[PDB]
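See below for the structure under consideration.
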Amino acid sequence: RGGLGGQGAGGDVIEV
Amino acid sequence: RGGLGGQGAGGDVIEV
Amino acid sequence: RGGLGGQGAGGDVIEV
Amino acid sequence: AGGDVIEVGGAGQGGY
Amino acid sequence: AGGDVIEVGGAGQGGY
Amino acid sequence: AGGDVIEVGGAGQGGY
Amino acid sequence: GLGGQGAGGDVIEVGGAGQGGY
Amino acid sequence: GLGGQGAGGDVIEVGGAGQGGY
Amino acid sequence: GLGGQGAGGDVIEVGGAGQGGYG
Amino acid sequence: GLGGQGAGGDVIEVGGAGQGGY
Amino acid sequence: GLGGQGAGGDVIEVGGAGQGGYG
Amino acid sequence: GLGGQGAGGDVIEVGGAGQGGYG
Amino acid sequence: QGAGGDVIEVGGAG
Amino acid sequence: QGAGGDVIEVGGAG
Amino acid sequence: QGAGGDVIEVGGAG
């Protein structure tokens, strides 16, 4: 239920 | 239920 | 239920 | 002697 | 003497 | 004397 | 001719940001 | 001609960021 | 130094600067 | 001609970041 | 030193700078 | 030293710089 | 002179 | 002079 | 001079 990207970068992702 | 991108960047994402 | 982007940037996203 | 040019900004903070 | 050019920014913080 | 050029940024922090 | 031009084209820059708190 | 041009084309830069907190 | 000559040159300097926080 | 150009093309740069906290 | 001559050159300096946090 | 000559050259200096934290 | 001279002294922003 | 001279002294930003 | 001279002294950013 998550997605990062496009051009390059990042961060934090938490689910459930 | 989330999405980051377009051009490149990032942040925080939390769900449920 | 969320979305960031267009041109590149980011922030905070919280759901439920 | 030119064509499409783009520039971007952005920021963001918050959460809980 | 040119063509498509892109530039990007971004940031982000938060969470819980 | 040119063509497609890209540049990117980004950051991110948070979590729990 | 007796001379030459120099450095055609285009140029761009960017600025910087920064945030934060408790 | 009696001279020449120099360094045509394009140029770009970027800036820097930084964040953080307790 | 009689006679025509050349022109000037492009000069593009700086961008922004950002700070700030909880202190 | 009696001279020549020099170093055509393109150039790109980047900046730096830094984060962190307790 | 009479006679036509050349032109100037592109000059492109700086970007941004960013700081900040909990002090 | 009479006579035509050439032109200048591209010059490109710096980018950004970042810091920051809980102190 | 015989042509135009340029000087630039950009101070410090914030 | 016979042509234009350039000087640049970019100070320090923040 | 007979042509243009360039000088650049980029200070320190932050």
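Each chain in the structure tokens gets a letter, A, B and so on, in the order shown; residues start at 1 in every chain, and ligands are counted from 1 in the order they appear.
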
Once chain M has been least-squares superposed onto chain N, matching all their Cα atoms in order, can you return it as an mmCIF file with N, CA, C and O atoms, in the first residue's frame?
data_model
loop_
_atom_site.group_PDB
_atom_site.id
_atom_site.type_symbol
_atom_site.label_atom_id
_atom_site.label_comp_id
_atom_site.auth_asym_id
_atom_site.auth_seq_id
_atom_site.Cartn_x
_atom_site.Cartn_y
_atom_site.Cartn_z
ATOM 1 N N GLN M 1 43.524 50.066 -21.554
ATOM 2 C CA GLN M 1 43.469 48.672 -21.972
ATOM 3 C C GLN M 1 43.330 48.555 -23.480
ATOM 4 O O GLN M 1 43.367 49.552 -24.197
ATOM 5 N N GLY M 2 43.188 47.320 -23.952
ATOM 6 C CA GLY M 2 42.908 47.050 -25.347
ATOM 7 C C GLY M 2 41.691 46.159 -25.444
ATOM 8 O O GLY M 2 41.131 45.951 -26.522
ATOM 9 N N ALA M 3 41.281 45.633 -24.295
ATOM 10 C CA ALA M 3 40.078 44.826 -24.174
ATOM 11 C C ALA M 3 39.683 44.814 -22.706
ATOM 12 O O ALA M 3 40.439 45.255 -21.837
ATOM 13 N N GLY M 4 38.488 44.299 -22.436
ATOM 14 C CA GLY M 4 37.892 44.415 -21.118
ATOM 15 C C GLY M 4 38.330 43.313 -20.168
ATOM 16 O O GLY M 4 38.346 42.138 -20.522
ATOM 17 N N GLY M 5 38.665 43.714 -18.946
ATOM 18 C CA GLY M 5 39.032 42.790 -17.893
ATOM 19 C C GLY M 5 37.882 42.607 -16.923
ATOM 20 O O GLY M 5 37.076 43.514 -16.718
ATOM 21 N N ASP M 6 37.817 41.427 -16.322
ATOM 22 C CA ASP M 6 36.747 41.049 -15.414
ATOM 23 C C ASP M 6 37.344 40.642 -14.076
ATOM 24 O O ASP M 6 38.384 39.978 -14.029
ATOM 25 N N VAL M 7 36.689 41.039 -12.988
ATOM 26 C CA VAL M 7 37.080 40.598 -11.655
ATOM 27 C C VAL M 7 35.800 40.227 -10.922
ATOM 28 O O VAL M 7 34.774 40.895 -11.080
ATOM 29 N N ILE M 8 35.851 39.172 -10.119
ATOM 30 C CA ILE M 8 34.696 38.752 -9.333
ATOM 31 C C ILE M 8 35.202 38.238 -7.998
ATOM 32 O O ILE M 8 36.125 37.421 -7.954
ATOM 33 N N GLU M 9 34.619 38.727 -6.900
ATOM 34 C CA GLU M 9 35.007 38.310 -5.550
ATOM 35 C C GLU M 9 33.735 37.979 -4.774
ATOM 36 O O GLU M 9 33.243 38.791 -3.993
ATOM 37 N N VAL M 10 33.224 36.766 -4.967
ATOM 38 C CA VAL M 10 31.955 36.382 -4.356
ATOM 39 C C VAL M 10 32.191 36.131 -2.873
ATOM 40 O O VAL M 10 32.986 35.267 -2.496
ATOM 41 N N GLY M 11 31.504 36.887 -2.029
ATOM 42 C CA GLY M 11 31.577 36.672 -0.606
ATOM 43 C C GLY M 11 30.894 35.378 -0.208
ATOM 44 O O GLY M 11 30.476 34.563 -1.031
ATOM 45 N N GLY M 12 30.770 35.200 1.105
ATOM 46 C CA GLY M 12 30.222 33.982 1.667
ATOM 47 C C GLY M 12 28.767 34.159 2.058
ATOM 48 O O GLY M 12 28.419 35.071 2.809
ATOM 49 N N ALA M 13 27.926 33.268 1.544
ATOM 50 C CA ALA M 13 26.516 33.245 1.907
ATOM 51 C C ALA M 13 26.354 32.520 3.242
ATOM 52 O O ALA M 13 27.312 32.333 3.996
ATOM 53 N N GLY M 14 25.130 32.116 3.557
ATOM 54 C CA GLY M 14 24.868 31.429 4.805
ATOM 55 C C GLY M 14 23.919 30.257 4.678
ATOM 56 O O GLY M 14 23.585 29.615 5.671
#

Could you please select, counting only C-alpha atoms, the residues of chain G within 12 Å of chain F and state them as a tab-separated table (two decimals) with N, CA and C atoms, in the first residue's frame?
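This is the output file result.tsv:
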chain	number	residue	atom	x	y	z
G	7	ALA	N	30.46	30.93	-25.66
G	7	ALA	CA	29.63	30.33	-24.62
G	7	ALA	C	28.15	30.72	-24.75
G	8	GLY	N	27.54	30.27	-25.84
G	8	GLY	CA	26.10	30.40	-26.00
G	8	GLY	C	25.35	29.47	-25.07
G	9	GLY	N	24.02	29.47	-25.15
G	9	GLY	CA	23.23	28.51	-24.40
G	9	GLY	C	22.45	29.10	-23.24
G	10	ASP	N	22.19	28.31	-22.21
G	10	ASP	CA	21.43	28.76	-21.05
G	10	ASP	C	22.06	28.23	-19.77
G	12	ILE	N	21.20	27.77	-15.24
G	12	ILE	CA	20.25	27.81	-14.13
G	12	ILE	C	20.96	27.41	-12.85
G	13	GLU	N	20.42	27.83	-11.70
G	13	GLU	CA	20.91	27.45	-10.38
G	13	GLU	C	19.71	27.07	-9.51
G	14	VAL	N	19.98	26.79	-8.23
G	14	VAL	CA	18.98	26.36	-7.26
G	14	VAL	C	19.38	26.94	-5.91
G	15	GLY	N	18.42	27.06	-4.99
G	15	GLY	CA	18.69	27.44	-3.62
G	15	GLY	C	18.40	26.30	-2.66
G	16	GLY	N	18.75	26.51	-1.40
G	16	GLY	CA	18.70	25.46	-0.40
G	16	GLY	C	17.73	25.79	0.73
G	17	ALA	N	17.22	24.74	1.36
G	17	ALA	CA	16.21	24.85	2.40
G	17	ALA	C	16.68	24.14	3.66
G	18	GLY	N	15.80	24.08	4.66
G	18	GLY	CA	16.12	23.41	5.91
G	18	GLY	C	15.06	23.66	6.96
G	19	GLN	N	14.66	22.63	7.69
G	19	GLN	CA	13.55	22.75	8.63
G	19	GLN	C	13.91	22.00	9.90
G	20	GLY	N	12.92	21.78	10.76
G	20	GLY	CA	13.10	20.94	11.93
G	20	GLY	C	12.48	21.46	13.21
G	21	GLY	N	12.17	20.54	14.11
G	21	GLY	CA	11.63	20.92	15.40
G	21	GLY	C	11.32	19.68	16.22
G	22	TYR	N	11.19	19.90	17.53
G	22	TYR	CA	10.84	18.86	18.50
G	22	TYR	C	9.77	17.91	18.00

Determine, counting only C-alpha atoms, which protein, DNA and RNA residues have an atom within 9 Å of an atom of residue 11 in chain K; residues of the same chain fewer than 2 positions away are not included. Present the result as a ChimeraX atom specification. /I:9-13 /K:9,13 /L:9-13

Can you write just those residues out, N, CA and C atoms, as a PDB file, in the first residue's frame?
ATOM      1  N   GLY I   9      30.479  39.555 -21.439  1.00  0.00           N
ATOM      2  CA  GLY I   9      30.235  38.160 -21.146  1.00  0.00           C
ATOM      3  C   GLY I   9      29.159  37.975 -20.099  1.00  0.00           C
ATOM      4  N   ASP I  10      28.447  36.860 -20.224  1.00  0.00           N
ATOM      5  CA  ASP I  10      27.390  36.510 -19.287  1.00  0.00           C
ATOM      6  C   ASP I  10      27.953  36.279 -17.887  1.00  0.00           C
ATOM      7  N   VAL I  11      27.187  36.699 -16.877  1.00  0.00           N
ATOM      8  CA  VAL I  11      27.582  36.597 -15.474  1.00  0.00           C
ATOM      9  C   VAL I  11      26.345  36.330 -14.621  1.00  0.00           C
ATOM     10  N   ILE I  12      26.231  35.133 -14.044  1.00  0.00           N
ATOM     11  CA  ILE I  12      25.067  34.744 -13.240  1.00  0.00           C
ATOM     12  C   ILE I  12      25.552  34.242 -11.891  1.00  0.00           C
ATOM     13  N   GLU I  13      25.074  34.859 -10.810  1.00  0.00           N
ATOM     14  CA  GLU I  13      25.778  34.694  -9.545  1.00  0.00           C
ATOM     15  C   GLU I  13      25.308  33.572  -8.626  1.00  0.00           C
TER      16      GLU I  13
ATOM     17  N   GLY K   9      33.322  35.624 -21.560  1.00  0.00           N
ATOM     18  CA  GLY K   9      33.050  34.237 -21.250  1.00  0.00           C
ATOM     19  C   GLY K   9      32.005  34.089 -20.167  1.00  0.00           C
ATOM     20  N   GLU K  13      28.316  31.064 -10.713  1.00  0.00           N
ATOM     21  CA  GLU K  13      28.997  30.860  -9.439  1.00  0.00           C
ATOM     22  C   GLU K  13      28.443  29.780  -8.512  1.00  0.00           C
TER      23      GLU K  13
ATOM     24  N   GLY L   9      36.199  31.604 -21.691  1.00  0.00           N
ATOM     25  CA  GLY L   9      35.783  30.238 -21.461  1.00  0.00           C
ATOM     26  C   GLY L   9      34.782  30.128 -20.333  1.00  0.00           C
ATOM     27  N   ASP L  10      34.054  29.016 -20.343  1.00  0.00           N
ATOM     28  CA  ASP L  10      33.067  28.739 -19.311  1.00  0.00           C
ATOM     29  C   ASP L  10      33.736  28.566 -17.952  1.00  0.00           C
ATOM     30  N   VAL L  11      33.086  29.081 -16.908  1.00  0.00           N
ATOM     31  CA  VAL L  11      33.588  29.005 -15.538  1.00  0.00           C
ATOM     32  C   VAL L  11      32.407  28.699 -14.624  1.00  0.00           C
ATOM     33  N   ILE L  12      32.514  27.632 -13.831  1.00  0.00           N
ATOM     34  CA  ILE L  12      31.384  27.076 -13.077  1.00  0.00           C
ATOM     35  C   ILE L  12      31.899  26.623 -11.717  1.00  0.00           C
ATOM     36  N   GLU L  13      31.397  27.230 -10.638  1.00  0.00           N
ATOM     37  CA  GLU L  13      32.126  27.164  -9.364  1.00  0.00           C
ATOM     38  C   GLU L  13      31.673  26.078  -8.389  1.00  0.00           C
TER      39      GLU L  13
END

Could you list, as a short mmCIF file (atom, residue, chain, number, x, y, z; two decimals) with C-alpha atoms, in the first residue's frame, the residues of chain L having an atom within 9 Å of chain J when counting only C-alpha atoms?
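Listing of iface_22.cif after writing:
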data_model
loop_
_atom_site.label_atom_id
_atom_site.label_comp_id
_atom_site.auth_asym_id
_atom_site.auth_seq_id
_atom_site.Cartn_x
_atom_site.Cartn_y
_atom_site.Cartn_z
CA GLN L 5 41.96 36.80 -31.20
CA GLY L 6 39.67 34.35 -29.42
CA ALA L 7 37.15 34.58 -26.61
CA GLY L 9 35.78 30.24 -21.46
CA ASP L 10 33.07 28.74 -19.31
CA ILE L 12 31.38 27.08 -13.08
CA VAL L 14 30.13 25.55 -6.58
CA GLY L 15 26.98 23.82 -5.32
CA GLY L 16 25.25 23.74 -1.96
CA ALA L 17 25.97 22.63 1.60
CA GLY L 18 23.78 21.26 4.40
CA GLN L 19 23.91 20.53 8.12
CA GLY L 20 21.47 20.17 10.99
CA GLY L 21 20.39 18.02 13.90
CA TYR L 22 19.36 17.74 17.54
CA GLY L 23 22.31 19.91 18.53
#

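Those residues that approach residue 8 in chain B to within 6 Å, counting only C-alpha atoms, are residues 6, 7, 8 and 9 of chain A; 5 of chain B; 8 of chain C; 8 of chain F; same-chain residues fewer than 3 positions away are not listed.
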
Dump as a short mmCIF file (atom, residue, chain, number, x, y, z; two decimals), in the first residue's frame, selection limited to C-alpha atoms:
data_model
loop_
_atom_site.label_atom_id
_atom_site.label_comp_id
_atom_site.auth_asym_id
_atom_site.auth_seq_id
_atom_site.Cartn_x
_atom_site.Cartn_y
_atom_site.Cartn_z
CA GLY A 6 9.73 8.92 -9.67
CA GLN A 7 13.14 10.44 -9.77
CA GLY A 8 15.49 9.18 -7.10
CA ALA A 9 14.86 9.91 -3.42
CA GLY B 5 7.28 10.82 -6.56
CA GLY C 8 9.48 17.09 -7.20
CA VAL F 8 17.00 15.67 -8.39
#

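Our summary of the geometry notes that CA of residue 4 in chain A is positioned 19.3 Å from CA of residue 16 in chain C.
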
Residue list (strand (DSSP E or B), DSSP) for chain C, as a ChimeraX atom specification: /C:12-15

Least-squares superpose chain K onto chain I - every C-alpha atom, paired in order - and show me the moved coordinates as a PDB file with N, CA and C atoms, in the first residue's frame.
ATOM      1  N   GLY K   1      45.240  51.174 -30.540  1.00  0.00           N
ATOM      2  CA  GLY K   1      44.349  50.031 -30.472  1.00  0.00           C
ATOM      3  C   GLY K   1      43.030  50.262 -31.183  1.00  0.00           C
ATOM      4  N   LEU K   2      43.085  51.017 -32.279  1.00  0.00           N
ATOM      5  CA  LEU K   2      41.880  51.386 -33.009  1.00  0.00           C
ATOM      6  C   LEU K   2      41.240  50.168 -33.661  1.00  0.00           C
ATOM      7  N   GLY K   3      39.921  50.225 -33.809  1.00  0.00           N
ATOM      8  CA  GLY K   3      39.212  49.174 -34.509  1.00  0.00           C
ATOM      9  C   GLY K   3      38.083  48.565 -33.710  1.00  0.00           C
ATOM     10  N   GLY K   4      37.129  47.954 -34.407  1.00  0.00           N
ATOM     11  CA  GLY K   4      36.038  47.256 -33.762  1.00  0.00           C
ATOM     12  C   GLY K   4      36.540  46.190 -32.820  1.00  0.00           C
ATOM     13  N   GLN K   5      35.731  45.807 -31.842  1.00  0.00           N
ATOM     14  CA  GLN K   5      36.142  44.817 -30.862  1.00  0.00           C
ATOM     15  C   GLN K   5      34.923  43.986 -30.486  1.00  0.00           C
ATOM     16  N   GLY K   6      35.065  43.174 -29.442  1.00  0.00           N
ATOM     17  CA  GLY K   6      34.027  42.255 -29.039  1.00  0.00           C
ATOM     18  C   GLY K   6      33.118  42.841 -27.971  1.00  0.00           C
ATOM     19  N   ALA K   7      32.203  42.003 -27.505  1.00  0.00           N
ATOM     20  CA  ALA K   7      31.210  42.391 -26.516  1.00  0.00           C
ATOM     21  C   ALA K   7      31.513  41.731 -25.175  1.00  0.00           C
ATOM     22  N   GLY K   8      30.616  41.951 -24.220  1.00  0.00           N
ATOM     23  CA  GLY K   8      30.788  41.453 -22.874  1.00  0.00           C
ATOM     24  C   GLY K   8      30.365  40.007 -22.738  1.00  0.00           C
ATOM     25  N   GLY K   9      30.337  39.551 -21.495  1.00  0.00           N
ATOM     26  CA  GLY K   9      30.052  38.163 -21.206  1.00  0.00           C
ATOM     27  C   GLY K   9      29.002  38.008 -20.128  1.00  0.00           C
ATOM     28  N   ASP K  10      28.283  36.892 -20.208  1.00  0.00           N
ATOM     29  CA  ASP K  10      27.252  36.575 -19.230  1.00  0.00           C
ATOM     30  C   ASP K  10      27.865  36.337 -17.854  1.00  0.00           C
ATOM     31  N   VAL K  11      27.187  36.828 -16.816  1.00  0.00           N
ATOM     32  CA  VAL K  11      27.659  36.720 -15.437  1.00  0.00           C
ATOM     33  C   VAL K  11      26.447  36.417 -14.563  1.00  0.00           C
ATOM     34  N   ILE K  12      26.495  35.314 -13.813  1.00  0.00           N
ATOM     35  CA  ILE K  12      25.312  34.728 -13.171  1.00  0.00           C
ATOM     36  C   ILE K  12      25.710  34.211 -11.794  1.00  0.00           C
ATOM     37  N   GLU K  13      25.256  34.879 -10.731  1.00  0.00           N
ATOM     38  CA  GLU K  13      25.930  34.650  -9.458  1.00  0.00           C
ATOM     39  C   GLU K  13      25.364  33.562  -8.549  1.00  0.00           C
ATOM     40  N   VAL K  14      24.187  33.758  -7.955  1.00  0.00           N
ATOM     41  CA  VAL K  14      23.877  33.074  -6.703  1.00  0.00           C
ATOM     42  C   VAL K  14      22.433  32.580  -6.731  1.00  0.00           C
ATOM     43  N   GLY K  15      22.127  31.672  -5.805  1.00  0.00           N
ATOM     44  CA  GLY K  15      20.777  31.261  -5.491  1.00  0.00           C
ATOM     45  C   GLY K  15      20.392  31.666  -4.081  1.00  0.00           C
ATOM     46  N   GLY K  16      19.564  30.869  -3.420  1.00  0.00           N
ATOM     47  CA  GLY K  16      19.013  31.222  -2.129  1.00  0.00           C
ATOM     48  C   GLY K  16      19.794  30.660  -0.964  1.00  0.00           C
ATOM     49  N   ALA K  17      19.140  30.644   0.200  1.00  0.00           N
ATOM     50  CA  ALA K  17      19.712  30.096   1.424  1.00  0.00           C
ATOM     51  C   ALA K  17      18.648  29.979   2.507  1.00  0.00           C
ATOM     52  N   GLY K  18      18.544  28.821   3.152  1.00  0.00           N
ATOM     53  CA  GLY K  18      17.466  28.607   4.096  1.00  0.00           C
ATOM     54  C   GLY K  18      17.858  27.936   5.395  1.00  0.00           C
ATOM     55  N   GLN K  19      17.267  28.371   6.503  1.00  0.00           N
ATOM     56  CA  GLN K  19      17.597  27.858   7.826  1.00  0.00           C
ATOM     57  C   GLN K  19      16.298  27.681   8.599  1.00  0.00           C
ATOM     58  N   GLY K  20      16.407  27.467   9.906  1.00  0.00           N
ATOM     59  CA  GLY K  20      15.229  27.541  10.746  1.00  0.00           C
ATOM     60  C   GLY K  20      14.860  26.280  11.491  1.00  0.00           C
ATOM     61  N   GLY K  21      14.308  26.438  12.686  1.00  0.00           N
ATOM     62  CA  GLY K  21      13.841  25.295  13.442  1.00  0.00           C
ATOM     63  C   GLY K  21      13.427  25.692  14.839  1.00  0.00           C
ATOM     64  N   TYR K  22      13.438  24.707  15.732  1.00  0.00           N
ATOM     65  CA  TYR K  22      13.183  24.901  17.155  1.00  0.00           C
ATOM     66  C   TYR K  22      14.384  25.594  17.787  1.00  0.00           C
ATOM     67  N   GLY K  23      14.618  26.846  17.418  1.00  0.00           N
ATOM     68  CA  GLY K  23      15.787  27.564  17.889  1.00  0.00           C
ATOM     69  C   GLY K  23      17.003  27.329  17.017  1.00  0.00           C
TER      70      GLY K  23
END

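Note that the spacing between CA of residue 11 in chain C and CA of residue 1 in chain B amounts to 15.8 Å.
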
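Distance-wise, CA of residue 14 in chain B and CA of residue 15 in chain C end up 6.6 Å apart.
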